[PDB]
>>> print(open('data21.cif').read())   # mmCIF, C-alpha atoms and all ligand atoms
data_upload
loop_
_atom_site.label_atom_id
_atom_site.label_comp_id
_atom_site.auth_asym_id
_atom_site.auth_seq_id
_atom_site.Cartn_x
_atom_site.Cartn_y
_atom_site.Cartn_z
CA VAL A 785 0.00 0.00 0.00
CA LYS A 786 1.19 3.49 -0.84
CA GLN A 787 -0.61 5.35 1.96
CA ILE A 788 -2.32 4.66 5.25
CA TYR A 789 -6.11 4.66 5.15
CA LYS A 790 -8.18 4.83 8.31
CA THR A 791 -11.73 3.58 8.29
CA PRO A 792 -14.53 6.14 8.51
CA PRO A 793 -16.65 6.14 11.68
CA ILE A 794 -19.63 5.39 9.43
CA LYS A 795 -20.61 1.71 9.70
CA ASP A 796 -23.37 1.68 7.06
CA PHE A 797 -22.26 -0.63 4.25
CA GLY A 798 -25.56 -2.11 3.12
CA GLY A 799 -25.80 -4.42 6.14
CA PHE A 800 -22.30 -5.85 5.98
CA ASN A 801 -20.51 -6.03 9.31
CA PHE A 802 -16.76 -5.47 9.67
CA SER A 803 -16.35 -4.66 13.36
CA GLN A 804 -14.79 -8.10 13.91
CA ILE A 805 -11.86 -7.27 11.60
CA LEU A 806 -11.46 -3.50 11.92
CA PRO A 807 -9.46 -2.41 15.00
CA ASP A 808 -11.18 -1.12 18.08
CA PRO A 809 -9.80 2.39 18.83
CA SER A 810 -10.08 1.50 22.53
CA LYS A 811 -7.12 -0.89 22.62
CA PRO A 812 -3.60 0.27 23.55
CA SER A 813 -2.34 -1.89 20.66
CA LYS A 814 -4.92 -1.38 17.97
CA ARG A 815 -6.11 -4.79 16.88
CA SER A 816 -9.34 -6.58 16.11
CA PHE A 817 -11.16 -9.43 17.79
CA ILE A 818 -10.02 -12.00 15.24
CA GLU A 819 -6.48 -10.65 15.40
CA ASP A 820 -6.50 -11.11 19.17
CA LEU A 821 -7.64 -14.70 18.77
CA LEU A 822 -4.79 -15.20 16.32
CA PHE A 823 -2.04 -13.67 18.47
CA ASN A 824 -3.04 -15.81 21.49
CA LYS A 825 -3.26 -19.21 19.73
CA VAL A 826 0.43 -19.11 18.75
CA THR A 827 2.65 -20.23 21.61
CA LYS A 854 21.49 -17.87 26.00
CA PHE A 855 25.20 -16.96 26.51
CA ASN A 856 26.30 -19.16 23.69
CA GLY A 857 26.23 -16.35 21.10
CA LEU A 858 22.44 -16.59 20.75
CA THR A 859 21.32 -13.06 19.91
CA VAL A 860 17.64 -13.01 19.01
CA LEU A 861 17.37 -10.02 16.74
CA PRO A 862 13.86 -8.58 16.89
CA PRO A 863 11.96 -7.79 13.71
CA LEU A 864 12.04 -4.35 12.19
CA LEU A 865 8.23 -4.28 12.08
CA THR A 866 6.48 -4.86 15.37
CA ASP A 867 3.05 -6.46 15.47
CA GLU A 868 1.39 -3.06 15.93
CA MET A 869 2.88 -1.86 12.64
CA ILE A 870 1.70 -4.99 10.87
CA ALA A 871 -1.74 -4.26 12.25
CA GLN A 872 -1.53 -0.69 10.93
CA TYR A 873 -0.66 -1.93 7.45
CA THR A 874 -3.40 -4.56 7.45
CA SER A 875 -6.00 -2.10 8.71
CA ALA A 876 -4.98 0.27 5.93
CA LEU A 877 -5.28 -2.41 3.25
CA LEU A 878 -8.59 -3.53 4.70
CA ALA A 879 -10.07 -0.04 4.84
CA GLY A 880 -8.92 0.68 1.31
CA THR A 881 -10.55 -2.53 0.15
CA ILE A 882 -13.78 -1.62 1.87
CA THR A 883 -13.98 2.00 0.72
CA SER A 884 -12.17 2.05 -2.63
CA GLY A 885 -12.70 -1.30 -4.33
CA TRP A 886 -9.60 -2.48 -6.11
CA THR A 887 -8.86 0.98 -7.47
CA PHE A 888 -6.22 1.81 -4.89
CA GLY A 889 -4.23 -1.16 -6.14
CA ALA A 890 -3.84 0.54 -9.51
CA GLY A 891 -3.75 4.27 -8.84
CA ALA A 892 -5.06 6.83 -6.42
CA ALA A 893 -7.83 5.62 -4.15
CA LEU A 894 -11.31 6.24 -5.54
CA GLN A 895 -14.21 6.04 -3.14
CA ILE A 896 -17.24 3.87 -3.72
CA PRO A 897 -20.12 2.35 -1.73
CA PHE A 898 -19.65 -1.23 -0.63
CA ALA A 899 -22.88 -2.47 -2.18
CA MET A 900 -21.85 -1.24 -5.59
CA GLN A 901 -18.41 -2.74 -5.06
CA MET A 902 -20.13 -6.04 -4.30
CA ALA A 903 -22.12 -5.62 -7.50
CA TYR A 904 -18.89 -5.00 -9.36
CA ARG A 905 -17.41 -8.19 -8.03
CA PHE A 906 -20.48 -10.27 -8.88
CA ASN A 907 -20.43 -8.87 -12.40
CA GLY A 908 -16.87 -10.15 -12.55
CA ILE A 909 -17.98 -13.77 -12.03
CA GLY A 910 -20.82 -13.88 -14.55
CA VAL A 911 -23.70 -12.89 -12.25
CA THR A 912 -25.61 -9.72 -12.99
CA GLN A 913 -25.61 -7.05 -10.32
CA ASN A 914 -29.39 -7.05 -10.04
CA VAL A 915 -29.04 -10.44 -8.36
CA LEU A 916 -27.19 -8.63 -5.62
CA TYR A 917 -29.41 -5.56 -5.39
CA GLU A 918 -32.49 -7.78 -5.00
CA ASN A 919 -30.82 -10.19 -2.50
CA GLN A 920 -28.66 -7.68 -0.63
CA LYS A 921 -29.93 -8.34 2.90
CA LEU A 922 -29.74 -12.09 2.44
CA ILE A 923 -26.17 -11.80 1.22
CA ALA A 924 -25.19 -9.53 4.10
CA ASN A 925 -26.72 -11.88 6.65
CA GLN A 926 -24.90 -14.86 5.14
CA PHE A 927 -21.65 -12.92 5.21
CA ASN A 928 -22.08 -11.87 8.83
CA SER A 929 -22.97 -15.43 9.82
CA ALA A 930 -19.88 -16.80 8.07
CA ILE A 931 -17.71 -14.26 9.86
CA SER B 1030 4.79 -15.06 -20.62
CA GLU B 1031 2.05 -13.15 -18.80
CA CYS B 1032 3.30 -9.60 -19.37
CA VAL B 1033 5.20 -9.66 -22.68
CA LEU B 1034 3.46 -12.31 -24.76
CA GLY B 1035 0.03 -11.10 -23.68
CA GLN B 1036 -2.04 -9.00 -21.36
CA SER B 1037 -2.49 -10.35 -17.86
CA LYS B 1038 -5.50 -9.46 -15.76
CA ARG B 1039 -3.45 -10.00 -12.59
CA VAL B 1040 -3.12 -6.67 -10.84
CA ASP B 1041 0.06 -5.84 -8.88
CA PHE B 1042 2.10 -8.26 -10.89
CA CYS B 1043 4.00 -6.29 -13.55
CA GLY B 1044 4.44 -2.75 -12.32
CA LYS B 1045 1.85 -0.74 -10.44
CA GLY B 1046 -1.44 -0.09 -12.20
CA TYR B 1047 -3.74 -1.70 -14.69
CA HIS B 1048 -1.30 -3.62 -16.87
CA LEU B 1049 -1.18 -2.73 -20.56
CA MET B 1050 2.00 -4.19 -22.08
CA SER B 1051 5.73 -4.50 -21.58
CA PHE B 1052 9.09 -4.63 -23.34
CA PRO B 1053 12.05 -6.82 -22.45
CA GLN B 1054 15.70 -5.75 -22.69
CA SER B 1055 18.98 -7.60 -22.47
CA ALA B 1056 21.01 -7.47 -19.29
CA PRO B 1057 24.15 -9.16 -17.93
CA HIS B 1058 23.01 -12.37 -16.19
CA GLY B 1059 19.53 -10.90 -16.05
CA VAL B 1060 16.56 -9.30 -17.76
CA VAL B 1061 14.97 -5.88 -17.47
CA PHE B 1062 11.27 -5.48 -18.14
CA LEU B 1063 9.69 -2.12 -18.91
CA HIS B 1064 6.04 -2.22 -17.91
CA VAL B 1065 3.42 0.26 -19.09
CA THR B 1066 0.40 0.84 -16.86
CA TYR B 1067 -2.70 3.02 -16.85
CA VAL B 1068 -2.57 5.21 -13.75
CA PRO B 1069 -5.46 7.70 -13.57
CA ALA B 1070 -5.56 11.07 -11.85
CA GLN B 1071 -7.44 14.39 -11.60
CA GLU B 1072 -10.71 13.24 -10.07
CA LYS B 1073 -13.89 14.91 -8.99
CA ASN B 1074 -16.45 13.75 -6.46
CA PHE B 1075 -19.67 12.25 -7.74
CA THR B 1076 -23.05 11.50 -6.22
CA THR B 1077 -23.92 7.93 -7.17
CA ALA B 1078 -26.95 5.64 -7.25
CA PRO B 1079 -27.44 1.88 -7.65
CA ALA B 1080 -30.30 1.92 -10.16
CA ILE B 1081 -33.10 4.01 -11.67
CA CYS B 1082 -36.84 3.32 -11.80
CA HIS B 1083 -38.85 4.82 -14.65
CA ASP B 1084 -42.29 3.20 -15.03
CA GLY B 1085 -42.28 0.80 -12.10
CA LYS B 1086 -39.58 -1.19 -13.85
CA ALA B 1087 -36.05 -0.97 -12.52
CA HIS B 1088 -32.97 -0.31 -14.64
CA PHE B 1089 -29.59 -1.77 -14.10
CA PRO B 1090 -26.80 -0.40 -16.30
CA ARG B 1091 -25.14 -2.88 -18.63
CA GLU B 1092 -21.73 -1.43 -17.87
CA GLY B 1093 -20.69 1.47 -15.70
CA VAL B 1094 -22.64 3.39 -13.09
CA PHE B 1095 -24.82 6.50 -12.93
CA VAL B 1096 -22.76 9.57 -12.32
CA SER B 1097 -22.76 13.27 -11.50
CA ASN B 1098 -22.68 16.30 -13.83
CA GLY B 1099 -23.79 18.61 -11.11
CA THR B 1100 -27.13 17.67 -9.62
CA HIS B 1101 -28.31 15.46 -12.50
CA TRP B 1102 -28.32 11.71 -13.08
CA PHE B 1103 -26.38 10.86 -16.21
CA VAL B 1104 -24.34 7.76 -17.03
CA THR B 1105 -20.89 6.49 -18.03
CA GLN B 1106 -18.36 3.68 -17.55
CA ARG B 1107 -16.38 2.84 -14.42
CA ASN B 1108 -12.83 3.83 -15.30
CA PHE B 1109 -13.01 6.90 -17.52
CA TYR B 1110 -15.34 9.88 -17.31
CA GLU B 1111 -17.39 10.32 -20.49
CA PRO B 1112 -21.05 10.86 -19.62
CA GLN B 1113 -23.95 9.69 -21.76
CA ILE B 1114 -27.71 10.01 -22.09
CA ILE B 1115 -29.72 7.18 -20.56
CA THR B 1116 -30.95 4.96 -23.38
CA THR B 1117 -32.46 1.50 -23.45
CA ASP B 1118 -29.40 -0.15 -24.97
CA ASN B 1119 -27.24 1.01 -22.07
CA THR B 1120 -29.39 -0.72 -19.45
CA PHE B 1121 -31.71 -3.66 -18.98
CA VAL B 1122 -34.82 -4.35 -16.94
CA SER B 1123 -35.31 -6.94 -14.20
CA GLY B 1124 -38.18 -6.59 -11.76
CA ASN B 1125 -40.17 -4.00 -9.89
CA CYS B 1126 -38.33 -0.99 -8.50
CA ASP B 1127 -39.64 -1.35 -4.94
CA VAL B 1128 -37.28 -3.94 -3.47
CA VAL B 1129 -34.34 -1.86 -4.70
CA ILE B 1130 -32.96 0.19 -1.84
CA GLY B 1131 -31.33 3.55 -2.41
CA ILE B 1132 -32.84 4.06 -5.86
CA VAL B 1133 -33.31 7.58 -7.24
CA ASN B 1134 -35.81 9.13 -9.64
CA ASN B 1135 -35.07 10.12 -13.25
CA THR B 1136 -36.69 9.94 -16.64
CA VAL B 1137 -35.40 7.47 -19.21
CA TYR B 1138 -34.94 8.64 -22.77
CA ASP B 1139 -35.83 6.26 -25.58
CA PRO B 1140 -34.30 6.27 -29.07
CA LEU B 1141 -37.23 4.68 -30.88
CA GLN B 1142 -40.09 7.02 -29.80
CA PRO B 1143 -38.75 10.21 -31.52
CA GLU B 1144 -38.22 8.18 -34.66
CA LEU B 1145 -41.77 6.97 -34.11
CA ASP B 1146 -42.73 10.61 -33.51
CA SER B 1147 -41.56 11.45 -37.04
CA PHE B 1148 -44.27 9.11 -38.33
CA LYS B 1149 -47.21 10.53 -36.38
CA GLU B 1150 -46.41 14.13 -37.35
CA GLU B 1151 -47.05 13.38 -41.04
CA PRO C 589 27.03 -14.83 32.92
CA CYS C 590 27.74 -11.12 32.94
CA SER C 591 26.08 -9.27 30.13
CA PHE C 592 27.40 -9.01 26.59
CA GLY C 593 26.17 -7.99 23.18
CA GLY C 594 26.73 -7.37 19.52
CA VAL C 595 28.54 -4.21 18.51
CA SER C 596 26.84 -2.37 15.67
CA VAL C 597 27.58 1.01 14.13
CA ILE C 598 25.04 3.36 12.56
CA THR C 599 26.39 5.88 10.08
CA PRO C 600 25.57 7.61 6.85
CA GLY C 601 27.94 7.18 3.94
CA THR C 602 31.52 8.41 4.17
CA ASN C 603 30.79 10.78 1.30
CA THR C 604 28.66 12.84 3.73
CA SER C 605 30.56 13.14 7.04
CA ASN C 606 32.45 11.08 9.62
CA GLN C 607 30.13 11.36 12.61
CA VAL C 608 28.99 8.02 13.97
CA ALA C 609 26.33 6.34 16.08
CA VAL C 610 26.92 3.42 18.44
CA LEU C 611 24.33 0.70 19.08
CA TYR C 612 24.57 -1.96 21.79
CA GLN C 613 22.38 -5.02 21.21
CA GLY C 614 20.11 -6.49 23.84
CA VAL C 615 21.47 -4.72 26.92
CA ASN C 616 20.57 -1.34 28.35
CA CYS C 617 22.74 1.73 28.76
CA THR C 618 23.41 1.48 32.50
CA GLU C 619 26.51 -0.69 32.00
CA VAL C 620 28.61 0.87 29.25
CA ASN C 641 23.46 11.65 24.72
CA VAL C 642 21.85 8.42 25.88
CA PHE C 643 18.75 6.79 24.43
CA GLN C 644 17.12 3.44 25.15
CA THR C 645 15.17 1.07 22.89
CA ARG C 646 13.97 -2.48 23.00
CA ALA C 647 16.91 -3.29 20.74
CA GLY C 648 19.26 -2.10 23.46
CA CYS C 649 21.54 0.87 24.00
CA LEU C 650 21.97 3.50 21.29
CA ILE C 651 24.69 6.10 21.87
CA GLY C 652 25.53 8.97 19.56
CA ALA C 653 22.14 10.20 18.43
CA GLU C 654 19.26 12.45 19.41
CA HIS C 655 15.63 11.50 19.96
CA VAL C 656 13.23 13.46 17.75
CA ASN C 657 9.43 13.27 17.79
CA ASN C 658 8.91 13.88 14.07
CA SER C 659 7.89 11.00 11.83
CA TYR C 660 9.74 10.44 8.56
CA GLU C 661 10.13 7.49 6.25
CA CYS C 662 12.85 5.08 7.28
CA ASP C 663 16.43 5.52 6.12
CA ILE C 664 18.33 2.79 7.99
CA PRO C 665 16.40 0.27 10.11
CA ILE C 666 17.55 -0.38 13.65
CA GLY C 667 14.80 -2.43 15.23
CA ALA C 668 11.54 -1.95 17.15
CA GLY C 669 10.23 0.69 14.78
CA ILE C 670 13.32 2.87 15.15
CA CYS C 671 15.24 4.34 12.22
CA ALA C 672 18.08 6.82 12.05
CA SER C 673 19.06 9.53 9.60
CA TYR C 674 21.71 12.21 9.17
CA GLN C 675 20.15 15.55 8.34
CA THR C 676 20.89 19.16 9.21
CA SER C 689 24.73 21.90 12.41
CA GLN C 690 24.31 18.31 11.18
CA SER C 691 24.04 15.32 13.48
CA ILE C 692 22.69 11.81 13.96
CA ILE C 693 19.01 11.70 14.81
CA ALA C 694 16.58 8.84 15.34
CA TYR C 695 12.85 8.49 15.75
CA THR C 696 9.86 6.19 15.47
CA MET C 697 9.24 5.41 11.83
CA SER C 698 5.98 6.27 10.14
CA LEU C 699 4.03 4.44 7.50
CA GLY C 700 3.69 7.37 5.15
CA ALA C 701 1.19 10.17 5.21
CA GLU C 702 -1.99 9.84 7.23
CA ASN C 703 -4.88 10.02 4.80
CA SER C 704 -8.51 8.97 4.56
CA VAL C 705 -11.25 9.13 1.96
CA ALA C 706 -14.66 10.69 2.52
CA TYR C 707 -17.18 7.87 2.40
CA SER C 708 -20.92 7.92 2.01
CA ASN C 709 -23.63 5.78 0.53
CA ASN C 710 -23.89 8.15 -2.43
CA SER C 711 -20.28 8.94 -3.36
CA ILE C 712 -17.57 7.42 -5.55
CA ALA C 713 -14.16 8.36 -6.98
CA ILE C 714 -14.16 8.60 -10.78
CA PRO C 715 -11.16 9.80 -12.81
CA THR C 716 -11.09 12.23 -15.73
CA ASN C 717 -7.50 12.32 -17.02
CA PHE C 718 -4.55 9.99 -16.76
CA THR C 719 -0.84 9.44 -17.27
CA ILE C 720 1.23 6.68 -18.82
CA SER C 721 4.07 5.74 -16.51
CA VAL C 722 6.86 3.20 -16.93
CA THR C 723 8.38 1.37 -13.96
CA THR C 724 11.73 -0.37 -14.01
CA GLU C 725 11.65 -3.90 -12.63
CA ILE C 726 14.74 -6.12 -12.59
CA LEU C 727 14.97 -9.85 -12.00
CA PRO C 728 18.21 -11.84 -11.90
CA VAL C 729 18.33 -14.70 -14.37
CA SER C 730 21.64 -16.54 -14.31
CA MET C 731 25.00 -16.64 -12.59
CA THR C 732 28.50 -17.53 -13.70
CA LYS C 733 28.98 -21.24 -14.40
CA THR C 734 31.80 -21.86 -11.98
CA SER C 735 33.44 -25.26 -12.08
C1 LIG A 1201 -15.34 16.35 -3.01
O1 LIG A 1201 -14.09 15.73 -3.44
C2 LIG A 1201 -13.01 15.89 -2.51
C3 LIG A 1201 -11.81 15.24 -3.15
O2 LIG A 1201 -11.46 14.04 -2.47
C4 LIG A 1201 -13.38 15.28 -1.16
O3 LIG A 1201 -12.34 15.55 -0.23
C5 LIG A 1201 -14.69 15.87 -0.64
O4 LIG A 1201 -15.10 15.20 0.56
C6 LIG A 1201 -15.80 15.74 -1.70
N1 LIG A 1201 -17.02 16.37 -1.24
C7 LIG A 1201 -17.96 15.72 -0.55
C8 LIG A 1201 -19.16 16.52 -0.16
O5 LIG A 1201 -17.84 14.53 -0.26
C1 LIG A 1202 -27.71 7.10 2.98
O1 LIG A 1202 -27.77 7.13 4.41
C2 LIG A 1202 -28.61 8.18 4.91
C3 LIG A 1202 -28.44 8.20 6.41
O2 LIG A 1202 -28.46 9.53 6.91
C4 LIG A 1202 -30.05 7.90 4.49
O3 LIG A 1202 -30.88 8.96 4.95
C5 LIG A 1202 -30.12 7.82 2.97
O4 LIG A 1202 -31.43 7.41 2.57
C6 LIG A 1202 -29.10 6.83 2.41
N1 LIG A 1202 -29.08 6.90 0.96
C7 LIG A 1202 -28.83 5.84 0.18
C8 LIG A 1202 -28.85 6.10 -1.29
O5 LIG A 1202 -28.57 4.74 0.65
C1 LIG A 1203 31.26 11.55 -3.62
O1 LIG A 1203 32.68 11.81 -3.51
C2 LIG A 1203 33.31 12.35 -4.68
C3 LIG A 1203 34.77 12.53 -4.35
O2 LIG A 1203 34.94 12.79 -2.96
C4 LIG A 1203 32.63 13.66 -5.08
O3 LIG A 1203 33.18 14.14 -6.30
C5 LIG A 1203 31.12 13.46 -5.22
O4 LIG A 1203 30.50 14.71 -5.50
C6 LIG A 1203 30.53 12.84 -3.95
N1 LIG A 1203 29.11 12.61 -4.12
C7 LIG A 1203 28.17 13.43 -3.62
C8 LIG A 1203 26.74 13.05 -3.89
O5 LIG A 1203 28.47 14.44 -2.99
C1 LIG A 1204 18.00 -2.17 32.59
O1 LIG A 1204 16.90 -3.18 32.57
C2 LIG A 1204 15.55 -2.75 32.31
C3 LIG A 1204 15.29 -2.93 30.83
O2 LIG A 1204 15.41 -1.69 30.14
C4 LIG A 1204 15.32 -1.32 32.78
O3 LIG A 1204 13.95 -1.14 33.12
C5 LIG A 1204 16.20 -1.07 34.00
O4 LIG A 1204 15.85 0.16 34.61
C6 LIG A 1204 17.67 -1.04 33.59
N1 LIG A 1204 18.53 -1.12 34.77
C7 LIG A 1204 18.83 -0.06 35.52
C8 LIG A 1204 19.72 -0.33 36.70
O5 LIG A 1204 18.41 1.07 35.27
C1 LIG A 1205 8.93 14.97 22.14
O1 LIG A 1205 8.06 14.65 23.25
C2 LIG A 1205 8.03 15.65 24.28
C3 LIG A 1205 7.18 15.10 25.40
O2 LIG A 1205 7.53 13.76 25.70
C4 LIG A 1205 7.50 16.96 23.69
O3 LIG A 1205 7.51 17.96 24.70
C5 LIG A 1205 8.36 17.40 22.52
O4 LIG A 1205 7.82 18.57 21.91
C6 LIG A 1205 8.47 16.28 21.47
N1 LIG A 1205 9.38 16.68 20.41
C7 LIG A 1205 8.96 17.22 19.26
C8 LIG A 1205 10.03 17.56 18.27
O5 LIG A 1205 7.77 17.42 19.03
#
>>> encode(input="data21.cif", output="structure tokens", more="lines below")
Ligand SMILES: *[C@@H]1O[C@H](CO)[C@@H](O)[C@H](O)[C@H]1NC(C)=O
Ligand SMILES: *[C@@H]1O[C@H](CO)[C@@H](O)[C@H](O)[C@H]1NC(C)=O
Ligand SMILES: *[C@@H]1O[C@H](CO)[C@@H](O)[C@H](O)[C@H]1NC(C)=O
Ligand SMILES: *[C@@H]1O[C@H](CO)[C@@H](O)[C@H](O)[C@H]1NC(C)=O
Ligand SMILES: *[C@@H]1O[C@H](CO)[C@@H](O)[C@H](O)[C@H]1NC(C)=O
Amino acid sequence: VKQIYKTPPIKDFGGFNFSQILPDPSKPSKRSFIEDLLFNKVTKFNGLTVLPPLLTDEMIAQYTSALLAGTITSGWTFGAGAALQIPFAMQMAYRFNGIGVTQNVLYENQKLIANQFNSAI
Amino acid sequence: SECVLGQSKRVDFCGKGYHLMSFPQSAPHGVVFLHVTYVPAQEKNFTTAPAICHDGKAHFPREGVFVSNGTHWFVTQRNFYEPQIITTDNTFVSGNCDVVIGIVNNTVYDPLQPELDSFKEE
Amino acid sequence: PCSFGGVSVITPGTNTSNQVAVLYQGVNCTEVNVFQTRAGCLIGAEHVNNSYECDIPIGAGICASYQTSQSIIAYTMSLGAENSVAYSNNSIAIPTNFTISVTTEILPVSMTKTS
């Protein structure tokens, strides 16, 4: 990613829920619920010097949150060039048009799709 | 293969941007590709809409979305700004326009009716 | 066993100056301008609270640079400019003009057939 994107405080996306993968601002180390499940389910004087990484886990979380927010708000357009905003529902339509399904199938079944997505999450 | 002999869809694979084409050059022990992308700029902001209802029937655009020229609902494609007049051959019709959330109101111009109107004048 | 560590030197290129910066690995400064990191003891720099892009990585989000007298500074590295996009349910980003850029990419192919 070229630039950091922070999510808007608007959580209207056509019914889709992303509060389980966006960071909570309340944490000291800004991370999401699923990230916290991930980081908890992973468990000298001979010359052993354990060099730490250049990028700490907080920074990785910053980068991932930026990618995620750009995906949510800008489609794939920020992969190519400058980020171009778009609603999520229309982005979903775009992506269904990519796979041979017309976007009306989304716009008529939007709530069903959102509920399935939230359930899968 | 993917970027010299043809045009890959795979974004973020040969340069940054929508991939157009490339050129290879000789190099000691190596190769140097020269990728050509399509990076856009100079944007405006645009009020958008998912669909348009005209006579109870919805309209989904065949390609592109419905865009802003000011406070009007006109239409063009999704990666270059070139607005059009709403015609029948740019959209198609599937279902009533009442389940569609977020829809706006506009008239839909037809190409055939003014050519039909040339008949009923005479 | 009494404490030890790797000796590492931070510097710009010799075609700039000859000032240095001394980094002690994995042990803190109480046993050697003094600054402390999780990497250890860093001597010969100055802590700044401005965020730049990284020049030389050190560890634990710390990078050093040699800017304008002129001295060694270090800081907590950024991830570029903070930016966000105005989002609604009736907005989108559509372009009007464009450019045609060319990016150099280089991949190694072969090496010398030593025998
Ligand atoms: C108009 O476009 C600019 C360019 O990004 C954007 O910052 C601004 O929020 C847009 N206006 C509205 C009302 O969204
Ligand atoms: C967008 O959200 C606002 C919430 O203030 C709502 O009033 C409006 O009807 C929504 N418009 C669309 C097109 O979804
Ligand atoms: C590097 O050193 C040479 C000789 O000392 C000098 O001519 C050249 O200008 C230097 N490079 C820079 C960028 O100053
Ligand atoms: C060195 O050990 C820890 C790690 O930084 C530090 O908190 C402590 O204060 C240091 N020791 C002394 C004597 O200051
Ligand atoms: C560094 O932090 C201190 C407080 O810890 C603050 O007073 C100072 O202004 C900061 N330095 C810069 C360059 O902002």
>>> residues_near_ligand(input="data21.cif", ligand="ligand LIG 1205 (chain A)", cutoff="6 Å", atoms="only C-alpha atoms and all ligand atoms", output="ChimeraX atom specification")
/C:656-658
>>> closest_residue(input="data21.cif", among="A:812, A:897, A:807, A:891", to="chain C", atoms="only C-alpha atoms")
A:897
>>> interface_residues(input="data21.cif", of="chain A", to="chain C", cutoff="9 Å", atoms="all atoms listed in the file", output="VMD selection string")
chain A and resid 786 to 792 794 796 to 798 855 857 859 to 866 869 872 to 873 880 883 to 884 893 to 899
>>> residues_near_point(input="data21.cif", point="(-8.9, -8.4, 12.8)", cutoff="7 Å", atoms="all atoms listed in the file", output="list in words")
residues 804, 805, 806, 807, 815, 816, 817, 818 and 819 of chain A
>>> interface_residues(input="data21.cif", of="chain B", to="chain A", cutoff="7 Å", atoms="all atoms listed in the file", output="PDB file with C-alpha atoms, in the frame of the given file")
ATOM      1  CA  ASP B1041       0.060  -5.840  -8.880  1.00  0.00           C
ATOM      2  CA  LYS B1045       1.850  -0.740 -10.440  1.00  0.00           C
ATOM      3  CA  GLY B1046      -1.440  -0.090 -12.200  1.00  0.00           C
ATOM      4  CA  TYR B1047      -3.740  -1.700 -14.690  1.00  0.00           C
ATOM      5  CA  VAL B1068      -2.570   5.210 -13.750  1.00  0.00           C
ATOM      6  CA  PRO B1069      -5.460   7.700 -13.570  1.00  0.00           C
ATOM      7  CA  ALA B1070      -5.560  11.070 -11.850  1.00  0.00           C
ATOM      8  CA  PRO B1079     -27.440   1.880  -7.650  1.00  0.00           C
ATOM      9  CA  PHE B1089     -29.590  -1.770 -14.100  1.00  0.00           C
ATOM     10  CA  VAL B1128     -37.280  -3.940  -3.470  1.00  0.00           C
ATOM     11  CA  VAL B1129     -34.340  -1.860  -4.700  1.00  0.00           C
TER      12      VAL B1129
END
>>> atom_distance(input="data21.cif", atom1="atom CA of residue 1077 of chain B", atom2="atom CA of residue 1110 of chain B")
13.4 Å
>>> axis_aligned_box(input="data21.cif", around="ligand LIG 1201 (chain A)", padding_each_side="8 Å", output="JSON")
{"center_x": -15.3, "center_y": 15.3, "center_z": -1.4, "size_x": 23.7, "size_y": 18.5, "size_z": 20.0}
>>> interface_residues(input="data21.cif", of="chain B", to="chain C", cutoff="8 Å", atoms="all atoms listed in the file", output="PyMOL selection string")
chain B and resi 1044-1045+1058-1078+1107-1110
>>> atom_distance(input="data21.cif", atom1="atom CA of residue 1039 of chain B", atom2="atom CA of residue 1056 of chain B")
25.5 Å
>>> closest_atom_pairs(input="data21.cif", of="chain B", to="ligand LIG 1202 (chain A)", cutoff="7 Å", atoms="only C-alpha atoms and all ligand atoms", output="Markdown table")
| residue | atom | partner | partner_atom | distance |
| --- | --- | --- | --- | --- |
| B:1078 | CA | A:LIG1202 | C8 | 6.3 |
| B:1130 | CA | A:LIG1202 | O5 | 6.8 |
| B:1131 | CA | A:LIG1202 | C8 | 3.7 |
| B:1132 | CA | A:LIG1202 | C8 | 6.4 |
>>> write_last_selection(input="data21.cif", atoms="C-alpha atoms", output="compact mmCIF listing (two decimals), in the coordinates of the input")
# COMPACT_ATOMS: atom_id res chain seq x y z
CA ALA B 1078 -26.95 5.64 -7.25
CA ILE B 1130 -32.96 0.19 -1.84
CA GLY B 1131 -31.33 3.55 -2.41
CA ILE B 1132 -32.84 4.06 -5.86
>>> atom_distance(input="data21.cif", atom1="atom CA of residue 734 of chain C", atom2="atom CA of residue 1030 of chain B")
29.2 Å
>>> residues_near_ligand(input="data21.cif", ligand="ligand LIG 1204 (chain A)", cutoff="8 Å", atoms="only C-alpha atoms and all ligand atoms", output="ChimeraX atom specification")
/C:615-618,644-646,648
